[PDB]
Amino acid sequence: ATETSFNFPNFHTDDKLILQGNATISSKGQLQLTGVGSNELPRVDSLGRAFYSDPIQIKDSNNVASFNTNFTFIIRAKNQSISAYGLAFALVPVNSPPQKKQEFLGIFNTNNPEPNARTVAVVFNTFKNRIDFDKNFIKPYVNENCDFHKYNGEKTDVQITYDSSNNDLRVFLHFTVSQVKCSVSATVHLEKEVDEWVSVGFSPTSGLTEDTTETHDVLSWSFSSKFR
Ligand SMILES: *[C@@H]1O[C@H](CO)[C@@H](O[C@@H]2O[C@H](CO)[C@@H](O)[C@H](O)[C@H]2NC(C)=O)[C@H](O[C@@H]2O[C@@H](C)[C@@H](O)[C@@H](O)[C@@H]2O)[C@H]1NC(C)=O
């Protein structure tokens with residue numbers, strides 16, 4: 001097998017998922033990335049990551065996989081205007097452990113390029129209020145403004161595609177009730193950024209205070225890699 005495909009209409013404990021840091025599945029079937037404390041309130045300065053347990057094959061040899069992933073989430077904060085830090089969809093080395101917290105979203109360690117992070121991520125930067133497409137670097141390759149401070153607090157549907165033919169990544173975000181849309185596009189050669197097999201999933205980090213913290217819950221997720 002070269003082609004992977006799964007579908008979580010909701011989450012459960014017995015699922016093919018690897019949870020790291022404070023991430024847990026709620027009794028309602030929700031993937032709570034940054035977690036909830038003993039008093040059931042969002043955790044401050046919390047990091048939680050979660051990946052499909054099977055590694056995914058990006059490079060077959062010469063042929064690169066194309067992929068399509070759809071997921072929907074909700075970020076709820078006490079004060080969204082000051083919410084931090086965000087949620088990430090990332091391709092990482094297979095058993096990589098969580099990196100740094102805060103603005104590092106648990107996927108990076110430095111303010112400098114990390115060519116050996118072998119990570120490619122799409123961050124819904126709730127801190128800086130934009131959508132970032134990061135390539136082995138915490139500083140975005142291409143970023144687009146998206147008003148999370150205003151439209152968060154509602155199901156948001158994300159759709160991410162990668163076509164190895166034109167080597168383009170396309171992200172389409174849609175806030176479901178406010179109806180607001182955001183999107184960014186970049187030209188990437190996945191094969192030059194990540195390994196032949198990677199772990200696919202999410203990683204979020206919450207603010208260092210009761211006011212700046214928020215939730216990062218994923219309510220559903222689908223994925224399909226394809227070797228054409
Ligand atoms: C998971 O949730 C905990 C909060 O509900 C995090 O602990 C908090 O970490 C702060 C420093 O990052 C520290 O000042 C807080 O006092 C502490 N709160 C509690 C209740 O422990 C936890 O962070 C990890 O665990 C703490 C104890 C420290 O050792 C940190 O260095 C750890 O990262 C959250 N994050 C993770 C990744 O578990």
# chains A, B, ... in the order shown; residues from 1 in each chain; ligands from 1
$ residues_around --residues "residue 90 (chain A)" --least-positions-apart "4" --cutoff "6 Å" --atoms "only C-alpha atoms" --output "MDAnalysis selection string"
chainID A and resid 120:121 201:202
$ residues_around --residues "residue 182 (chain A)" --least-positions-apart "4" --cutoff "9 Å" --atoms "only C-alpha atoms" --output "ChimeraX atom specification"
/A:130-131,144-147,171-175
$ write_last_selection --atoms "N, CA, C and O atoms" --output "PDB file, in the first residue's frame"
ATOM      1  N   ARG A 130      -4.117  34.976  11.268  1.00  0.00           N
ATOM      2  CA  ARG A 130      -3.943  34.721   9.865  1.00  0.00           C
ATOM      3  C   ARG A 130      -3.763  33.256   9.702  1.00  0.00           C
ATOM      4  O   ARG A 130      -3.766  32.524  10.688  1.00  0.00           O
ATOM      5  N   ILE A 131      -3.722  32.835   8.445  1.00  0.00           N
ATOM      6  CA  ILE A 131      -3.510  31.462   8.092  1.00  0.00           C
ATOM      7  C   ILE A 131      -2.099  31.392   7.576  1.00  0.00           C
ATOM      8  O   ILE A 131      -1.790  32.034   6.602  1.00  0.00           O
ATOM      9  N   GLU A 144      -1.900  34.487   4.898  1.00  0.00           N
ATOM     10  CA  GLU A 144      -3.063  35.254   4.467  1.00  0.00           C
ATOM     11  C   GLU A 144      -3.886  35.632   5.688  1.00  0.00           C
ATOM     12  O   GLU A 144      -4.122  34.809   6.566  1.00  0.00           O
ATOM     13  N   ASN A 145      -4.295  36.885   5.760  1.00  0.00           N
ATOM     14  CA  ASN A 145      -5.097  37.359   6.888  1.00  0.00           C
ATOM     15  C   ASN A 145      -6.473  36.691   6.956  1.00  0.00           C
ATOM     16  O   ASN A 145      -7.081  36.420   5.936  1.00  0.00           O
ATOM     17  N   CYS A 146      -6.886  36.296   8.158  1.00  0.00           N
ATOM     18  CA  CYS A 146      -8.187  35.649   8.340  1.00  0.00           C
ATOM     19  C   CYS A 146      -8.630  36.068   9.722  1.00  0.00           C
ATOM     20  O   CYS A 146      -7.883  35.911  10.673  1.00  0.00           O
ATOM     21  N   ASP A 147      -9.814  36.676   9.819  1.00  0.00           N
ATOM     22  CA  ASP A 147     -10.291  37.229  11.087  1.00  0.00           C
ATOM     23  C   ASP A 147     -10.842  36.262  12.128  1.00  0.00           C
ATOM     24  O   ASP A 147     -12.036  36.216  12.398  1.00  0.00           O
ATOM     25  N   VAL A 171      -5.602  25.968   0.427  1.00  0.00           N
ATOM     26  CA  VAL A 171      -6.364  25.889   1.672  1.00  0.00           C
ATOM     27  C   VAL A 171      -7.608  26.741   1.580  1.00  0.00           C
ATOM     28  O   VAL A 171      -7.457  27.905   1.358  1.00  0.00           O
ATOM     29  N   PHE A 172      -8.794  26.176   1.828  1.00  0.00           N
ATOM     30  CA  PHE A 172     -10.063  26.897   1.797  1.00  0.00           C
ATOM     31  C   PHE A 172     -10.746  26.775   3.125  1.00  0.00           C
ATOM     32  O   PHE A 172     -11.279  25.732   3.401  1.00  0.00           O
ATOM     33  N   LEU A 173     -10.800  27.857   3.899  1.00  0.00           N
ATOM     34  CA  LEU A 173     -11.484  27.913   5.205  1.00  0.00           C
ATOM     35  C   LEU A 173     -12.853  28.637   5.077  1.00  0.00           C
ATOM     36  O   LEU A 173     -12.970  29.674   4.431  1.00  0.00           O
ATOM     37  N   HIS A 174     -13.883  28.119   5.722  1.00  0.00           N
ATOM     38  CA  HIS A 174     -15.207  28.709   5.624  1.00  0.00           C
ATOM     39  C   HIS A 174     -15.874  28.734   6.983  1.00  0.00           C
ATOM     40  O   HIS A 174     -16.115  27.684   7.545  1.00  0.00           O
ATOM     41  N   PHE A 175     -16.088  29.917   7.551  1.00  0.00           N
ATOM     42  CA  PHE A 175     -16.786  30.031   8.823  1.00  0.00           C
ATOM     43  C   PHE A 175     -18.250  29.855   8.453  1.00  0.00           C
ATOM     44  O   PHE A 175     -18.832  30.689   7.770  1.00  0.00           O
TER      45      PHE A 175
END
$ closest_residue --among "A:48, A:9, A:153, A:140" --to "residue 100 (chain A)" --atoms "only C-alpha atoms"
A:48
$ select_by_dssp --residues "region 48-158 of chain A" --states "strand (DSSP E or B)" --output "ChimeraX atom specification"
/A:48-52,56-57,59,64-74,77,85-92,120-125,130-135,142-145,156-158
$ residues_near_ligand --ligand "ligand 1" --cutoff "12 Å" --atoms "only C-alpha atoms and all ligand atoms" --output "JSON, numbers by chain"
{"A": [19, 20, 21, 22, 23, 24, 33, 34, 35, 36, 37, 38, 39, 40, 41, 42, 43, 44, 45, 46, 47, 48, 49, 97, 98, 99, 100, 101, 102, 104, 105, 106, 107, 203, 204, 205, 206, 207, 208, 209, 210, 213]}
$ residues_around --residues "residue 74 (chain A)" --least-positions-apart "5" --cutoff "10 Å" --atoms "only C-alpha atoms" --output "count of residues only"
14
$ residues_around --residues "residue 59 (chain A)" --least-positions-apart "3" --cutoff "7 Å" --atoms "only C-alpha atoms" --output "PyMOL selection string"
chain A and resi 62-65+191+196
$ write_last_selection --atoms "C-alpha atoms" --output "PDB file, in the first residue's frame"
ATOM      1  CA  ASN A  62       9.669   8.862  -8.236  1.00  0.00           C
ATOM      2  CA  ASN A  63       5.907   9.443  -7.861  1.00  0.00           C
ATOM      3  CA  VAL A  64       4.565  11.865  -5.228  1.00  0.00           C
ATOM      4  CA  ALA A  65       1.195  11.541  -3.640  1.00  0.00           C
ATOM      5  CA  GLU A 191       9.152  15.645  -1.448  1.00  0.00           C
ATOM      6  CA  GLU A 196       8.948   9.363   2.276  1.00  0.00           C
TER       7      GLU A 196
END
$ residues_around --residues "residue 164 (chain A)" --least-positions-apart "6" --cutoff "12 Å" --atoms "only C-alpha atoms" --output "PyMOL selection string"
chain A and resi 58-59+62-68+170+187-192+225-228
$ write_last_selection --atoms "N, CA and C atoms" --output "PDB file, in the first residue's frame"
ATOM      1  N   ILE A  58       4.295   9.561   1.339  1.00  0.00           N
ATOM      2  CA  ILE A  58       4.342  10.730   0.467  1.00  0.00           C
ATOM      3  C   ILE A  58       5.038  10.437  -0.857  1.00  0.00           C
ATOM      4  N   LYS A  59       6.247   9.861  -0.798  1.00  0.00           N
ATOM      5  CA  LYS A  59       7.067   9.554  -1.992  1.00  0.00           C
ATOM      6  C   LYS A  59       7.137   8.072  -2.225  1.00  0.00           C
ATOM      7  N   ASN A  62       9.663   7.772  -7.297  1.00  0.00           N
ATOM      8  CA  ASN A  62       9.669   8.862  -8.236  1.00  0.00           C
ATOM      9  C   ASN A  62       8.310   9.579  -8.212  1.00  0.00           C
ATOM     10  N   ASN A  63       7.243   8.843  -7.889  1.00  0.00           N
ATOM     11  CA  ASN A  63       5.907   9.443  -7.861  1.00  0.00           C
ATOM     12  C   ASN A  63       5.516  10.002  -6.487  1.00  0.00           C
ATOM     13  N   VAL A  64       4.964  11.214  -6.465  1.00  0.00           N
ATOM     14  CA  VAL A  64       4.565  11.865  -5.228  1.00  0.00           C
ATOM     15  C   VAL A  64       3.079  11.773  -5.100  1.00  0.00           C
ATOM     16  N   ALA A  65       2.613  11.653  -3.871  1.00  0.00           N
ATOM     17  CA  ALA A  65       1.195  11.541  -3.640  1.00  0.00           C
ATOM     18  C   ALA A  65       0.562  12.908  -3.587  1.00  0.00           C
ATOM     19  N   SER A  66      -0.691  12.912  -3.976  1.00  0.00           N
ATOM     20  CA  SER A  66      -1.538  14.074  -3.939  1.00  0.00           C
ATOM     21  C   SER A  66      -2.434  13.703  -2.766  1.00  0.00           C
ATOM     22  N   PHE A  67      -2.979  14.697  -2.076  1.00  0.00           N
ATOM     23  CA  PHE A  67      -3.840  14.410  -0.960  1.00  0.00           C
ATOM     24  C   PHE A  67      -4.925  15.441  -0.820  1.00  0.00           C
ATOM     25  N   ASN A  68      -5.989  15.032  -0.157  1.00  0.00           N
ATOM     26  CA  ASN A  68      -7.142  15.854   0.023  1.00  0.00           C
ATOM     27  C   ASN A  68      -7.523  15.608   1.452  1.00  0.00           C
ATOM     28  N   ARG A 170      -3.481  24.160  -1.651  1.00  0.00           N
ATOM     29  CA  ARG A 170      -4.566  25.113  -1.619  1.00  0.00           C
ATOM     30  C   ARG A 170      -5.375  24.898  -0.337  1.00  0.00           C
ATOM     31  N   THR A 187       3.120  27.131  -3.788  1.00  0.00           N
ATOM     32  CA  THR A 187       3.691  26.108  -4.658  1.00  0.00           C
ATOM     33  C   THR A 187       4.761  25.432  -3.798  1.00  0.00           C
ATOM     34  N   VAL A 188       4.557  24.137  -3.564  1.00  0.00           N
ATOM     35  CA  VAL A 188       5.450  23.341  -2.724  1.00  0.00           C
ATOM     36  C   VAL A 188       5.776  22.052  -3.405  1.00  0.00           C
ATOM     37  N   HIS A 189       6.955  21.559  -3.047  1.00  0.00           N
ATOM     38  CA  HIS A 189       7.482  20.294  -3.513  1.00  0.00           C
ATOM     39  C   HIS A 189       7.568  19.534  -2.221  1.00  0.00           C
ATOM     40  N   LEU A 190       6.459  18.931  -1.829  1.00  0.00           N
ATOM     41  CA  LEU A 190       6.419  18.188  -0.587  1.00  0.00           C
ATOM     42  C   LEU A 190       7.657  17.330  -0.387  1.00  0.00           C
ATOM     43  N   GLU A 191       8.000  16.561  -1.426  1.00  0.00           N
ATOM     44  CA  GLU A 191       9.152  15.645  -1.448  1.00  0.00           C
ATOM     45  C   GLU A 191      10.465  16.253  -1.021  1.00  0.00           C
ATOM     46  N   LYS A 192      10.595  17.576  -1.062  1.00  0.00           N
ATOM     47  CA  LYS A 192      11.820  18.249  -0.650  1.00  0.00           C
ATOM     48  C   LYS A 192      11.734  18.785   0.773  1.00  0.00           C
ATOM     49  N   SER A 225      -4.780  10.046   0.323  1.00  0.00           N
ATOM     50  CA  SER A 225      -3.597  10.319  -0.471  1.00  0.00           C
ATOM     51  C   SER A 225      -3.827   9.527  -1.744  1.00  0.00           C
ATOM     52  N   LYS A 226      -3.269   9.997  -2.852  1.00  0.00           N
ATOM     53  CA  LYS A 226      -3.423   9.339  -4.154  1.00  0.00           C
ATOM     54  C   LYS A 226      -2.153   9.441  -5.012  1.00  0.00           C
ATOM     55  N   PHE A 227      -1.719   8.299  -5.548  1.00  0.00           N
ATOM     56  CA  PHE A 227      -0.541   8.257  -6.399  1.00  0.00           C
ATOM     57  C   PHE A 227      -1.067   8.148  -7.792  1.00  0.00           C
ATOM     58  N   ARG A 228      -0.911   9.202  -8.587  1.00  0.00           N
ATOM     59  CA  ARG A 228      -1.453   9.189  -9.956  1.00  0.00           C
ATOM     60  C   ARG A 228      -0.544   8.606 -11.033  1.00  0.00           C
TER      61      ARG A 228
END
$ residues_around --residues "residue 114 (chain A)" --least-positions-apart "6" --cutoff "9 Å" --atoms "only C-alpha atoms" --output "PDB file with N, CA, C and O atoms, in the first residue's frame"
ATOM      1  N   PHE A 108       7.676  23.350  15.992  1.00  0.00           N
ATOM      2  CA  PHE A 108       8.982  23.925  15.721  1.00  0.00           C
ATOM      3  C   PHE A 108       9.685  24.258  16.988  1.00  0.00           C
ATOM      4  O   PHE A 108       9.084  24.198  18.038  1.00  0.00           O
ATOM      5  N   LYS A 135       6.906  26.002   6.170  1.00  0.00           N
ATOM      6  CA  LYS A 135       7.800  25.009   5.580  1.00  0.00           C
ATOM      7  C   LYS A 135       9.090  24.931   6.390  1.00  0.00           C
ATOM      8  O   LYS A 135       9.967  25.761   6.225  1.00  0.00           O
ATOM      9  N   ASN A 136       9.239  23.940   7.245  1.00  0.00           N
ATOM     10  CA  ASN A 136      10.477  23.819   8.002  1.00  0.00           C
ATOM     11  C   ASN A 136      10.940  25.146   8.559  1.00  0.00           C
ATOM     12  O   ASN A 136      12.133  25.369   8.730  1.00  0.00           O
ATOM     13  N   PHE A 137       9.986  26.001   8.901  1.00  0.00           N
ATOM     14  CA  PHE A 137      10.316  27.300   9.426  1.00  0.00           C
ATOM     15  C   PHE A 137       9.092  27.874  10.082  1.00  0.00           C
ATOM     16  O   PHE A 137       8.018  27.844   9.486  1.00  0.00           O
ATOM     17  N   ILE A 138       9.262  28.415  11.283  1.00  0.00           N
ATOM     18  CA  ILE A 138       8.157  29.022  12.027  1.00  0.00           C
ATOM     19  C   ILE A 138       7.632  30.313  11.395  1.00  0.00           C
ATOM     20  O   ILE A 138       6.489  30.721  11.624  1.00  0.00           O
TER      21      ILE A 138
END
$ atom_distance --atom1 "CA of residue 184 (chain A)" --atom2 "CA of residue 165 (chain A)"
18.2 Å
$ closest_residue --among "A:61, A:161, A:72, A:5" --to "residue 87 (chain A)" --atoms "only C-alpha atoms"
A:72
$ residues_around --residues "residue 29 (chain A)" --least-positions-apart "2" --cutoff "6 Å" --atoms "only C-alpha atoms" --output "ChimeraX atom specification"
/A:10-12,26-27
$ closest_residue --among "A:200, A:88, A:142, A:18" --to "residue 223 (chain A)" --atoms "only C-alpha atoms"
A:200
$ select_by_dssp --residues "region 102-218 of chain A" --states "helix (DSSP H, G or I)" --output "list in words"
residues 102, 103, 104, 115, 116, 117, 148, 149, 150, 151, 190, 191 and 192 of chain A
$ closest_residue --among "A:150, A:185, A:6, A:122" --to "residue 167 (chain A)" --atoms "only C-alpha atoms"
A:185
$ closest_residue --among "A:197, A:85, A:8, A:221" --to "residue 159 (chain A)" --atoms "only C-alpha atoms"
A:221
$ atom_distance --atom1 "CA of residue 55 (chain A)" --atom2 "CA of residue 126 (chain A)"
28.2 Å
